[PDB]
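With CSV, C-alpha atoms inside, this is work-v4.csv:
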chain,number,residue,atom,x,y,z
A,5,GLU,CA,14.1,41.0,-63.3
A,6,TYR,CA,15.2,41.2,-66.9
A,7,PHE,CA,12.9,43.0,-69.5
A,8,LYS,CA,13.9,44.0,-73.0
A,9,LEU,CA,11.8,45.7,-75.7
A,10,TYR,CA,12.6,45.4,-79.4
A,11,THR,CA,11.4,48.2,-81.7
A,12,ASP,CA,11.9,49.0,-85.4
A,13,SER,CA,15.1,51.0,-85.9
A,14,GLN,CA,13.2,54.1,-87.0
A,15,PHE,CA,10.8,54.0,-84.0
A,16,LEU,CA,7.8,54.3,-86.4
A,17,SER,CA,5.8,51.4,-84.9
A,18,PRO,CA,2.6,52.3,-83.1
A,19,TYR,CA,2.5,49.0,-81.2
A,20,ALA,CA,6.1,49.3,-80.0
A,21,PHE,CA,5.2,52.8,-78.9
A,22,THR,CA,2.2,51.3,-77.0
A,23,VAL,CA,4.3,48.7,-75.1
A,24,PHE,CA,7.0,51.3,-74.2
A,25,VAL,CA,4.2,53.5,-72.8
A,26,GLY,CA,2.8,50.6,-70.8
A,27,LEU,CA,6.2,49.7,-69.3
A,28,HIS,CA,6.9,53.3,-68.2
A,29,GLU,CA,3.4,53.8,-66.7
A,30,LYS,CA,3.8,50.5,-64.7
A,31,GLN,CA,7.3,51.6,-63.7
A,32,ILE,CA,8.9,48.4,-64.9
A,33,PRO,CA,12.6,48.8,-65.6
A,34,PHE,CA,13.6,47.5,-69.0
A,35,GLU,CA,16.1,47.8,-71.8
A,36,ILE,CA,15.4,48.8,-75.4
A,37,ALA,CA,16.9,47.6,-78.6
A,38,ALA,CA,16.3,48.1,-82.4
A,39,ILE,CA,15.8,45.8,-85.4
A,40,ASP,CA,15.8,46.8,-89.1
A,41,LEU,CA,13.3,45.5,-91.6
A,56,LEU,CA,7.1,32.4,-83.1
A,57,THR,CA,7.3,36.1,-83.6
A,58,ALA,CA,6.5,37.8,-86.9
A,59,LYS,CA,7.0,41.5,-86.1
A,60,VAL,CA,8.2,44.1,-83.7
A,61,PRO,CA,7.4,44.7,-80.9
A,62,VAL,CA,8.9,41.7,-79.1
A,63,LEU,CA,9.2,41.7,-75.3
A,64,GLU,CA,11.9,39.5,-73.7
A,65,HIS,CA,11.4,38.7,-70.1
A,66,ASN,CA,14.2,36.5,-68.9
A,67,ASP,CA,14.0,33.2,-70.9
A,68,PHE,CA,10.6,34.1,-72.4
A,69,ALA,CA,10.1,36.1,-75.6
A,70,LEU,CA,6.7,37.4,-76.6
A,71,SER,CA,5.2,39.4,-79.5
A,72,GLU,CA,1.8,41.2,-80.4
A,73,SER,CA,1.2,44.3,-78.3
A,74,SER,CA,-2.2,43.3,-76.9
A,75,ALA,CA,-0.7,40.0,-75.8
A,76,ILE,CA,2.3,41.7,-74.3
A,77,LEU,CA,0.2,44.2,-72.4
A,78,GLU,CA,-2.1,41.5,-71.0
A,79,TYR,CA,1.0,39.7,-69.9
A,80,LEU,CA,2.3,42.7,-68.1
A,81,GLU,CA,-1.0,43.3,-66.3
A,82,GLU,CA,-1.0,39.7,-65.1
A,83,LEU,CA,2.6,40.0,-63.9
A,84,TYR,CA,1.8,43.2,-62.1
A,85,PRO,CA,-1.9,43.4,-61.2
A,86,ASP,CA,-1.7,46.4,-58.8
A,87,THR,CA,-0.6,48.9,-61.4
A,88,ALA,CA,-3.4,48.4,-63.9
A,89,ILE,CA,-3.3,50.3,-67.2
A,90,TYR,CA,-6.9,49.2,-68.0
A,91,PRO,CA,-10.0,50.5,-66.1
A,92,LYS,CA,-10.8,48.6,-62.9
A,93,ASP,CA,-14.6,48.1,-63.6
A,94,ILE,CA,-15.0,44.8,-65.5
A,95,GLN,CA,-17.3,46.4,-68.1
A,96,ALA,CA,-15.1,49.4,-68.7
A,97,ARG,CA,-12.1,47.0,-69.1
A,98,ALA,CA,-14.0,45.0,-71.7
A,99,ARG,CA,-14.9,48.2,-73.5
A,100,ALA,CA,-11.3,49.2,-73.3
A,101,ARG,CA,-10.2,45.9,-74.9
A,102,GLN,CA,-12.8,46.4,-77.5
A,103,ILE,CA,-11.6,49.8,-78.6
A,104,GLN,CA,-8.0,48.5,-78.5
A,105,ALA,CA,-8.9,45.6,-80.7
A,106,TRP,CA,-10.9,47.8,-83.1
A,107,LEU,CA,-8.0,50.3,-83.4
A,108,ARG,CA,-5.6,47.4,-84.2
A,109,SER,CA,-7.7,45.7,-86.9
A,110,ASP,CA,-10.3,48.1,-88.3
A,111,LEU,CA,-9.7,51.5,-89.8
A,112,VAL,CA,-7.5,49.7,-92.4
A,113,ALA,CA,-7.8,52.5,-95.0
A,114,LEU,CA,-6.7,55.1,-92.4
A,115,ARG,CA,-3.6,53.2,-91.2
A,116,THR,CA,-2.6,52.5,-94.8
A,117,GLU,CA,-3.1,56.1,-96.1
A,118,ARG,CA,-1.8,57.8,-93.0
A,119,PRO,CA,1.2,55.8,-91.8
A,120,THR,CA,3.0,56.9,-88.6
A,121,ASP,CA,5.5,58.6,-91.0
A,122,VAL,CA,3.0,61.5,-91.2
A,123,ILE,CA,3.3,62.0,-87.4
A,124,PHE,CA,7.1,61.7,-87.1
A,125,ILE,CA,8.6,62.7,-90.5
A,126,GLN,CA,6.3,64.7,-92.9
A,127,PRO,CA,2.7,64.9,-94.1
A,128,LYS,CA,1.4,63.1,-97.1
A,129,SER,CA,0.0,65.2,-100.0
A,130,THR,CA,-2.5,62.6,-101.1
A,131,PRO,CA,-6.1,63.3,-100.0
A,132,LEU,CA,-8.0,60.5,-98.2
A,133,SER,CA,-9.6,58.0,-100.5
A,134,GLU,CA,-13.3,57.3,-100.2
A,135,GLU,CA,-12.6,54.3,-97.8
A,136,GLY,CA,-10.0,56.6,-96.1
A,137,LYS,CA,-12.7,59.2,-95.4
A,138,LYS,CA,-15.0,56.6,-94.1
A,139,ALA,CA,-12.6,55.2,-91.5
A,140,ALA,CA,-11.8,58.7,-90.3
A,141,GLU,CA,-15.5,59.5,-89.8
A,142,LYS,CA,-16.0,56.2,-88.0
A,143,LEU,CA,-13.1,57.0,-85.8
A,144,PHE,CA,-14.5,60.5,-85.0
A,145,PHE,CA,-17.9,59.0,-84.4
A,146,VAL,CA,-16.6,56.4,-81.8
A,147,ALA,CA,-14.2,58.8,-80.1
A,148,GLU,CA,-16.8,61.6,-79.7
A,149,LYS,CA,-19.3,59.1,-78.3
A,150,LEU,CA,-16.8,57.7,-75.8
A,151,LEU,CA,-15.6,61.2,-74.9
A,152,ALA,CA,-18.9,62.9,-74.4
A,153,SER,CA,-19.4,65.3,-71.5
A,154,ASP,CA,-15.9,66.8,-72.2
A,155,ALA,CA,-14.1,63.8,-70.6
A,156,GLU,CA,-10.4,64.2,-70.0
A,157,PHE,CA,-9.8,60.4,-70.5
A,158,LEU,CA,-11.9,57.6,-72.1
A,159,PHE,CA,-12.7,55.6,-69.0
A,160,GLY,CA,-12.4,58.1,-66.1
A,161,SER,CA,-8.7,58.0,-65.4
A,162,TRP,CA,-5.9,57.4,-67.9
A,163,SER,CA,-5.6,54.0,-69.6
A,164,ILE,CA,-3.2,52.7,-72.3
A,165,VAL,CA,-6.1,53.1,-74.7
A,166,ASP,CA,-5.9,56.9,-74.4
A,167,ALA,CA,-2.4,56.6,-75.8
A,168,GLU,CA,-3.6,54.3,-78.6
A,169,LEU,CA,-6.5,56.5,-79.6
A,170,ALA,CA,-4.4,59.7,-79.5
A,171,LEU,CA,-1.8,58.2,-81.8
A,172,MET,CA,-4.7,57.2,-84.2
A,173,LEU,CA,-6.0,60.7,-84.2
A,174,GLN,CA,-2.5,62.1,-84.6
A,175,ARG,CA,-2.3,60.3,-88.0
A,176,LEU,CA,-4.9,62.8,-89.1
A,177,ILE,CA,-4.0,65.8,-87.1
A,178,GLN,CA,-0.3,65.9,-87.9
A,179,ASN,CA,-1.1,65.4,-91.6
A,180,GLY,CA,-3.4,68.4,-91.8
A,181,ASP,CA,-6.6,66.5,-92.3
A,182,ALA,CA,-9.8,67.9,-90.8
A,183,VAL,CA,-10.4,67.1,-87.1
A,184,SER,CA,-12.8,68.5,-84.6
A,185,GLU,CA,-11.5,71.0,-82.0
A,186,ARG,CA,-12.7,68.8,-79.2
A,187,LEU,CA,-10.6,65.8,-80.5
A,188,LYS,CA,-7.5,67.9,-81.1
A,189,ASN,CA,-7.6,69.0,-77.5
A,190,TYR,CA,-8.0,65.4,-76.3
A,191,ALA,CA,-5.2,64.2,-78.6
A,192,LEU,CA,-2.8,67.0,-77.8
A,193,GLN,CA,-3.3,66.5,-74.1
A,194,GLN,CA,-2.7,62.8,-74.4
A,195,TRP,CA,0.5,63.5,-76.3
A,196,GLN,CA,1.8,65.6,-73.4
A,197,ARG,CA,1.6,62.6,-71.1
A,198,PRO,CA,5.2,62.1,-69.7
A,199,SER,CA,5.4,58.4,-70.8
A,200,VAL,CA,4.5,59.5,-74.3
A,201,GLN,CA,6.9,62.5,-74.1
A,202,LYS,CA,9.6,60.0,-73.2
A,203,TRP,CA,9.0,58.0,-76.4
A,204,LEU,CA,9.2,61.2,-78.5
A,205,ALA,CA,12.6,62.2,-77.0
A,206,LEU,CA,13.9,58.6,-77.2
A,207,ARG,CA,13.3,58.5,-80.9
A,208,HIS,CA,15.7,61.4,-81.6
A,209,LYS,CA,18.4,60.3,-79.2
A,210,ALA,CA,18.3,56.7,-80.4
A,211,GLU,CA,18.6,57.7,-84.0
A,212,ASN,CA,21.8,59.6,-83.2
A,213,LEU,CA,23.3,56.7,-81.4
A,214,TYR,CA,22.1,53.7,-83.4
A,215,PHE,CA,23.3,55.1,-86.8
A,216,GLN,CA,27.1,55.2,-87.0
B,5,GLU,CA,-28.1,35.3,-66.6
B,6,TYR,CA,-29.1,36.6,-70.1
B,7,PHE,CA,-26.6,36.3,-73.0
B,8,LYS,CA,-27.3,37.0,-76.6
B,9,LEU,CA,-24.8,36.5,-79.5
B,10,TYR,CA,-25.2,38.4,-82.8
B,11,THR,CA,-23.7,36.8,-85.9
B,12,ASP,CA,-23.8,37.7,-89.6
B,13,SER,CA,-26.8,36.3,-91.4
B,14,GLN,CA,-25.0,33.7,-93.5
B,15,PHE,CA,-22.8,32.4,-90.5
B,16,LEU,CA,-19.5,33.0,-92.3
B,17,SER,CA,-17.8,35.1,-89.5
B,18,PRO,CA,-14.7,33.4,-88.0
B,19,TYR,CA,-15.0,35.8,-85.1
B,20,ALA,CA,-18.7,35.0,-84.3
B,21,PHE,CA,-17.7,31.4,-84.8
B,22,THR,CA,-14.9,31.7,-82.2
B,23,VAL,CA,-17.3,33.3,-79.7
B,24,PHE,CA,-20.0,30.7,-80.3
B,25,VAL,CA,-17.4,27.9,-79.7
B,26,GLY,CA,-16.2,29.6,-76.6
B,27,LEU,CA,-19.7,30.0,-75.0
B,28,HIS,CA,-20.5,26.4,-75.7
B,29,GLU,CA,-17.3,25.0,-74.2
B,30,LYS,CA,-17.9,27.1,-71.1
B,31,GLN,CA,-21.5,25.8,-71.2
B,32,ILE,CA,-22.9,29.3,-71.0
B,33,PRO,CA,-26.5,29.2,-72.2
B,34,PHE,CA,-27.2,32.0,-74.7
B,35,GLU,CA,-29.5,33.0,-77.5
B,36,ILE,CA,-28.5,33.6,-81.0
B,37,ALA,CA,-29.5,36.2,-83.5
B,38,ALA,CA,-28.2,36.8,-87.0
B,39,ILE,CA,-27.8,40.3,-88.6
B,40,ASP,CA,-27.8,41.1,-92.3
B,59,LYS,CA,-19.3,44.7,-87.1
B,60,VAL,CA,-20.4,41.3,-85.7
B,61,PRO,CA,-20.0,39.5,-83.3
B,62,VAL,CA,-21.7,41.4,-80.6
B,63,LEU,CA,-22.3,39.8,-77.3
B,64,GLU,CA,-25.1,41.2,-75.2
B,65,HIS,CA,-25.0,40.4,-71.5
B,66,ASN,CA,-28.0,41.9,-69.7
B,67,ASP,CA,-27.5,45.6,-70.0
B,68,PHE,CA,-24.0,45.5,-71.5
B,69,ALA,CA,-23.3,45.2,-75.3
B,70,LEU,CA,-19.8,44.2,-76.3
B,71,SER,CA,-18.0,43.7,-79.7
B,72,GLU,CA,-14.6,42.3,-81.0
B,73,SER,CA,-14.1,38.6,-80.4
B,74,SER,CA,-10.8,38.8,-78.3
B,75,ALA,CA,-12.5,41.3,-76.0
B,76,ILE,CA,-15.6,39.2,-75.7
B,77,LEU,CA,-13.6,36.0,-74.7
B,78,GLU,CA,-11.5,37.9,-72.1
B,79,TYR,CA,-14.8,39.2,-70.7
B,80,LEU,CA,-16.2,35.7,-70.5
B,81,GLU,CA,-13.1,34.4,-68.8
B,82,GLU,CA,-13.3,37.1,-66.2
B,83,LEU,CA,-17.0,36.1,-65.6
B,84,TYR,CA,-16.3,32.4,-65.5
B,85,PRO,CA,-12.7,31.7,-64.3
B,86,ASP,CA,-13.5,28.1,-63.5
B,87,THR,CA,-14.2,27.1,-67.1
B,88,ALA,CA,-11.1,28.5,-68.7
B,89,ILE,CA,-10.4,28.3,-72.4
B,90,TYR,CA,-6.9,29.7,-72.2
B,91,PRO,CA,-3.9,27.7,-70.8
B,92,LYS,CA,-3.4,27.8,-67.0
B,93,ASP,CA,0.4,28.7,-67.2
B,94,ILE,CA,0.9,32.4,-67.6
B,95,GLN,CA,3.6,32.2,-70.3
B,96,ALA,CA,1.6,29.6,-72.3
B,97,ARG,CA,-1.5,31.9,-72.0
B,98,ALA,CA,0.6,34.8,-73.3
B,99,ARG,CA,1.7,32.7,-76.3
B,100,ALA,CA,-2.0,31.8,-76.7
B,101,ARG,CA,-3.0,35.5,-76.8
B,102,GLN,CA,-0.1,36.1,-79.2
B,103,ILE,CA,-1.1,33.4,-81.7
B,104,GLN,CA,-4.7,34.6,-81.5
B,105,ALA,CA,-3.7,38.2,-82.2
B,106,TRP,CA,-1.5,37.3,-85.1
B,107,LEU,CA,-4.2,35.2,-86.7
B,108,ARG,CA,-6.5,38.1,-86.4
B,109,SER,CA,-4.2,40.7,-88.1
B,110,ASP,CA,-1.6,39.0,-90.1
B,111,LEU,CA,-2.0,36.4,-92.9
B,112,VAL,CA,-3.8,39.1,-94.9
B,113,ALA,CA,-3.3,37.6,-98.3
B,114,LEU,CA,-4.8,34.3,-97.1
B,115,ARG,CA,-7.9,35.8,-95.5
B,116,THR,CA,-8.7,37.7,-98.6
B,117,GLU,CA,-8.0,35.0,-101.2
B,118,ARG,CA,-9.5,32.2,-99.0
B,119,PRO,CA,-12.5,33.8,-97.3
B,120,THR,CA,-14.6,31.5,-95.1
B,121,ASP,CA,-16.9,31.0,-98.0
B,122,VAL,CA,-14.5,28.3,-99.2
B,123,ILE,CA,-15.1,26.4,-95.9
B,124,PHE,CA,-18.9,26.7,-95.5
B,125,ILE,CA,-20.2,27.1,-99.0
B,126,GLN,CA,-18.2,26.7,-102.2
B,127,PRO,CA,-14.4,26.3,-103.0
B,128,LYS,CA,-12.7,28.8,-105.1
B,129,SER,CA,-10.8,28.0,-108.3
B,130,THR,CA,-8.4,31.0,-108.4
B,131,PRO,CA,-4.9,29.6,-108.0
B,132,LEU,CA,-3.5,31.7,-105.0
B,133,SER,CA,-1.5,34.9,-105.4
B,134,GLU,CA,2.3,35.2,-104.8
B,135,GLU,CA,1.9,36.8,-101.3
B,136,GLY,CA,-1.0,34.4,-100.8
B,137,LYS,CA,1.5,31.5,-100.9
B,138,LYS,CA,3.8,33.3,-98.5
B,139,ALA,CA,1.0,33.7,-95.9
B,140,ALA,CA,0.1,30.1,-96.2
B,141,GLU,CA,3.8,29.3,-95.6
B,142,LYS,CA,4.1,31.4,-92.5
B,143,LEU,CA,1.0,29.6,-91.1
B,144,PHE,CA,2.4,26.2,-91.8
B,145,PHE,CA,5.7,27.1,-90.2
B,146,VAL,CA,4.1,28.5,-87.0
B,147,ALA,CA,1.6,25.6,-86.8
B,148,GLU,CA,4.4,22.9,-87.2
B,149,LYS,CA,6.4,24.6,-84.4
B,150,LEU,CA,3.6,24.8,-81.8
B,151,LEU,CA,2.4,21.3,-82.6
B,152,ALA,CA,5.7,19.7,-81.6
B,153,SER,CA,5.9,15.9,-81.5
B,154,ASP,CA,2.5,14.3,-81.5
B,155,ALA,CA,0.4,17.0,-79.8
B,156,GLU,CA,-3.4,16.9,-80.0
B,157,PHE,CA,-3.8,20.5,-78.9
B,158,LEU,CA,-1.6,23.6,-79.3
B,159,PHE,CA,-1.0,24.0,-75.5
B,160,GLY,CA,-1.6,20.5,-74.2
B,161,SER,CA,-5.3,20.8,-73.2
B,162,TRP,CA,-7.8,22.2,-75.7
B,163,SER,CA,-8.1,26.0,-75.8
B,164,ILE,CA,-10.0,28.4,-78.0
B,165,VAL,CA,-6.8,29.1,-80.1
B,166,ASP,CA,-7.1,25.5,-81.3
B,167,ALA,CA,-10.4,26.3,-83.0
B,168,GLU,CA,-9.1,29.5,-84.3
B,169,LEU,CA,-6.0,27.9,-85.8
B,170,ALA,CA,-8.1,25.0,-87.2
B,171,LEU,CA,-10.4,27.4,-89.0
B,172,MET,CA,-7.5,29.3,-90.5
B,173,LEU,CA,-6.1,25.9,-91.7
B,174,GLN,CA,-9.5,24.9,-93.0
B,175,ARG,CA,-9.4,27.9,-95.4
B,176,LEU,CA,-6.8,25.9,-97.3
B,177,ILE,CA,-7.9,22.3,-96.7
B,178,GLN,CA,-11.5,22.9,-97.7
B,179,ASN,CA,-10.5,24.7,-100.8
B,180,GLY,CA,-8.4,21.8,-101.8
B,181,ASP,CA,-5.0,23.6,-101.6
B,182,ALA,CA,-1.9,21.7,-100.6
B,183,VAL,CA,-1.6,21.2,-96.8
B,184,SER,CA,0.8,18.9,-94.9
B,185,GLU,CA,-1.0,15.7,-93.7
B,186,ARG,CA,0.3,16.5,-90.1
B,187,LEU,CA,-1.9,19.6,-90.1
B,188,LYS,CA,-5.0,18.0,-91.6
B,189,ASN,CA,-5.2,15.5,-88.8
B,190,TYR,CA,-5.0,18.4,-86.4
B,191,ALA,CA,-7.6,20.5,-88.2
B,192,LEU,CA,-9.8,17.4,-88.7
B,193,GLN,CA,-9.7,16.5,-85.0
B,194,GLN,CA,-10.4,20.1,-84.0
B,195,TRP,CA,-13.3,20.3,-86.5
B,196,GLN,CA,-14.9,17.2,-85.0
B,197,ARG,CA,-15.3,18.9,-81.6
B,198,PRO,CA,-19.0,19.1,-80.7
B,199,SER,CA,-18.8,22.9,-80.3
B,200,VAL,CA,-17.5,23.3,-83.8
B,201,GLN,CA,-20.1,20.8,-85.1
B,202,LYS,CA,-23.0,22.7,-83.5
B,203,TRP,CA,-21.9,25.7,-85.6
B,204,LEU,CA,-21.8,23.7,-88.8
B,205,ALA,CA,-25.4,22.6,-88.1
B,206,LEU,CA,-26.6,26.1,-87.2
B,207,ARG,CA,-26.0,27.5,-90.6
B,208,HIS,CA,-28.3,25.1,-92.4
B,209,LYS,CA,-31.1,25.2,-89.9
B,210,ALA,CA,-31.1,29.0,-89.9
B,211,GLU,CA,-32.1,28.8,-93.6
B,212,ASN,CA,-35.6,27.3,-93.1
B,213,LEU,CA,-36.0,29.6,-90.2
B,214,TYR,CA,-34.8,33.2,-90.7
B,215,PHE,CA,-35.7,33.5,-94.3
B,216,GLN,CA,-39.5,33.2,-94.8
Have the structure of the file written as structure tokens, please.
Amino acid sequence: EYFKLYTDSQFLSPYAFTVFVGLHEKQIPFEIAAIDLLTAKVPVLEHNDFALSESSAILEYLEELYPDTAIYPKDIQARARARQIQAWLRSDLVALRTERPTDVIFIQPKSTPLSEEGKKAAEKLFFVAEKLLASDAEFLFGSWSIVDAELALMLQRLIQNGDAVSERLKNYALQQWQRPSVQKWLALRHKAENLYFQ
Amino acid sequence: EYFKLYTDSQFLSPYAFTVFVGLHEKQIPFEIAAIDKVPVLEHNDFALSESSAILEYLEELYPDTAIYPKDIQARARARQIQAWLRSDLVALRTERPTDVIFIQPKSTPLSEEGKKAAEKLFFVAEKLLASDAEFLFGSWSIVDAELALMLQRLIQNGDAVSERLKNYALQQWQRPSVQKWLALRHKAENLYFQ
């Protein structure tokens, strides 16, 4: 009955993005607020008297609260695979996340070329996404899941910065970006920055 | 019916460790192979990686032997602490790799940010272990073993750790599932390497 989402004030967080998308897809009404820089970091979800951080935890909690609007695949093995890709995006690809922060998607590209480890994460990303998206799939697991939004953002770190990305993966990412829930994030960023900063 | 777990050759992986602990607690028989990222769980025709995903998969297959708290909010906090230990504490996981627990302690002091990580960990652990608690969320859960291991990176390397936390880590480390893993490492020596 009461849901509030806390994001970073500049809306650069990929995990806040991910929870916002999850809430909108599940059509859960909620309020948003911003913080400047047992919870460590944004995003934090408050639900009545209960406050919760870490995006994967928050999502899992939302699925349990509302099981009939799943944002993970329904087959048990596809769901496991979805959790795997999600965990992998969160914790691996360290060089990529470091060298292409979300600043490159929302503000301006970085001049610096990918380091050797940077190039290696990008290729590993391309390998995995092209494997999971073979046969010209529109989504990773048949129909849309929150992991489509997470993968697209990851790819966008490269695309929006100018780095080399296959035509097939740009098409996937661009289409994912035009998802309405995502589009609602992108608009919110600009509107909120005009209000929050007096 | 058929499960196979793949760990790193030298049994240093905290994520393989966590999976190994979870299977044993749930009493799921499985075979173990070492490779020279892990862990990978193979279940019949299905291969799966990333430890959090593997545990959620095992919970969905065997809901009766649960290793997450029953209460939904407690379970969410469990998933939170588990996610945080996976991704945060970065200075600590680099400066105190699991080598210091299973093989040899390190002499290198502990970087500035290394100290900060250790401090966040203490703070979080002291909060969750309110009063006299044996386990984080009342009954044992997988997050106990995960938090015990993280603490062990400090205890086993000598580094200063509140006595309240040692008795927690010590008690968790004496669990048979954790003990089987300690015994695995040695016995894979005379086997695997010929």
Quiz prompt | residue 190 (chain A) surroundings by all atoms listed in the file, 10 Å radius, close-in-sequence under 5 positions cut, as a list in words | solution = residues 147, 151, 154, 155, 156, 157, 158, 166, 169, 170, 173, 185 and 195 of chain A
Residues of chain B at most 10 Å from chain A: nearest atom pair and distance in Å, only C-alpha atoms, as a Markdown table:
| residue | atom | partner | partner_atom | distance |
| --- | --- | --- | --- | --- |
| B:59 | CA | A:110 | CA | 9.7 |
| B:68 | CA | A:95 | CA | 7.6 |
| B:69 | CA | A:99 | CA | 9.1 |
| B:70 | CA | A:99 | CA | 6.9 |
| B:71 | CA | A:102 | CA | 6.3 |
| B:72 | CA | A:102 | CA | 5.7 |
| B:73 | CA | A:102 | CA | 8.4 |
| B:74 | CA | A:105 | CA | 7.5 |
| B:75 | CA | A:101 | CA | 5.3 |
| B:76 | CA | A:98 | CA | 7.2 |
| B:77 | CA | A:98 | CA | 9.5 |
| B:78 | CA | A:98 | CA | 7.5 |
| B:79 | CA | A:98 | CA | 5.9 |
| B:80 | CA | A:98 | CA | 9.6 |
| B:82 | CA | A:94 | CA | 7.9 |
| B:83 | CA | A:94 | CA | 8.9 |
| B:94 | CA | A:79 | CA | 7.7 |
| B:95 | CA | A:68 | CA | 7.6 |
| B:97 | CA | A:79 | CA | 8.5 |
| B:98 | CA | A:75 | CA | 5.9 |
| B:99 | CA | A:70 | CA | 6.9 |
| B:100 | CA | A:75 | CA | 8.4 |
| B:101 | CA | A:75 | CA | 5.2 |
| B:102 | CA | A:75 | CA | 5.2 |
| B:103 | CA | A:56 | CA | 8.4 |
| B:104 | CA | A:75 | CA | 8.8 |
| B:105 | CA | A:72 | CA | 6.5 |
| B:106 | CA | A:72 | CA | 6.9 |
| B:108 | CA | A:109 | CA | 7.7 |
| B:109 | CA | A:109 | CA | 6.2 |
| B:110 | CA | A:58 | CA | 8.8 |
| B:142 | CA | A:58 | CA | 8.8 |
| B:145 | CA | A:56 | CA | 9.0 |
| B:146 | CA | A:56 | CA | 6.3 |
| B:147 | CA | A:56 | CA | 9.5 |
| B:149 | CA | A:56 | CA | 7.9 |
| B:150 | CA | A:56 | CA | 8.5 |
Self-check item: Counting all atoms listed in the file, the residue of B:6, B:140, B:161, B:13 that sits nearest residue 88 (chain B)
Solution: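 Using all atoms listed in the file, the shortest distance to residue 88 (chain B) belongs to B:161.
Nearest to residue 119 (chain A) of all the residues A:9, A:160, A:148, A:178 is A:178, counting all atoms listed in the file.
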Quiz item: Can you list, as JSON, numbers by chain, every protein, DNA or RNA residue that comes within 8 Å of region 11-25 of chain A when you count only C-alpha atoms, leaving out same-chain residues fewer than 3 positions away?
Solution: {"A": [28, 29, 36, 37, 38, 39, 40, 41, 60, 61, 62, 72, 73, 76, 77, 120, 121, 124, 164, 167, 168, 171, 199, 200, 203, 207, 211, 214]}
Quiz item: What gap, in Å, lies between CA of residue 11 (chain B) and CA of residue 215 (chain B)?
Solution: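 So the two atoms, CA of residue 11 (chain B) and CA of residue 215 (chain B), lie 15.0 Å apart.
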Self-check item: Among listed residues A:111, A:212, A:150, A:174, nearest residue 189 (chain A) (using all atoms listed in the file)
Solution: A:174
